[PDB]
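Taking the form deposited in one PDB entry, here's one chain by itself in structure tokens.
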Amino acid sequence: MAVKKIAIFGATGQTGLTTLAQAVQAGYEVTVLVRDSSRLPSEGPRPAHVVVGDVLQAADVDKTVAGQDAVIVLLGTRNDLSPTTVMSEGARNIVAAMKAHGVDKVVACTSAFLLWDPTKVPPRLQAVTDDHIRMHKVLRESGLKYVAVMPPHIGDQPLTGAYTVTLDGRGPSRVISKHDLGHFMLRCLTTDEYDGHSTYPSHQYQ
């Protein structure tokens, strides 16, 4: 495998769990960073390596990024809508570790609202969106091979692999299943065509 060792940040989350499951099935050697209180469920797929720590600690991020071929970022705040910098500060640490360890490919999830008219972002989501904006700027300015994944509403529909990928603009549907979103994150590992672009995956489930 050209890309074989990957770090996943946010593997315990909604999209992270199915991205991990798909990655292990596809043959990836996956390292995860998990917070001490929230390990992966006993019964799910097992990653190759587990680092227990916090994306806010450079040391823990360093341990997770060392030796990888690529990084997938699915960080979030589990529907807590309070003001936060955990995603942008975590991205700062990931960028610094990637530069220090010679890793170039990062596929990182923010949100479709970064392709919206900002005056139409729902105010309830503005605080989280503000940190997505901060995070995207950190990654865009890094100079790394950065795929900016900007999905609409993440749903519970099936894995299809049949979704539309819209480049640098809003796509034709307003939903992507968490399984398809994880499928796309992994697809981004084996092609350079989305590097330096914003990508909006969306689908109609029928």
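Residues that one form lacks are left out of the comparison. In this text, residue numbers run from 1 along the sequence as written. In this text, the rigid core denotes the largest set of C-alpha atoms whose superposition between the two forms falls within 1.5 Å.
One more form of this protein exists, namely the form deposited in another entry; it is left out here, but the text below deals with it.
- Superposing the two forms on their core leaves just one of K137, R39, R174, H49 with a Cα displacement of at least 2 Å between this form and the one not shown, namely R39.
- With the core held fixed between this form and the one not shown, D80 has its Cα displaced by at least 2 Å.
- A change of 3 Å or more separates the two forms for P201 and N79: their C-alpha atoms lie farther apart in that other deposited form.
- Note: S37-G67 Cα separation is 3 Å or more shorter in that other deposited form than here.
- Comparing the shared residues between this form and the one not shown on a common core, the stretches of 3 or more consecutive C-alphas each displaced by at least 2 Å are 36 to 39, 78 to 83, listed in sequence order.
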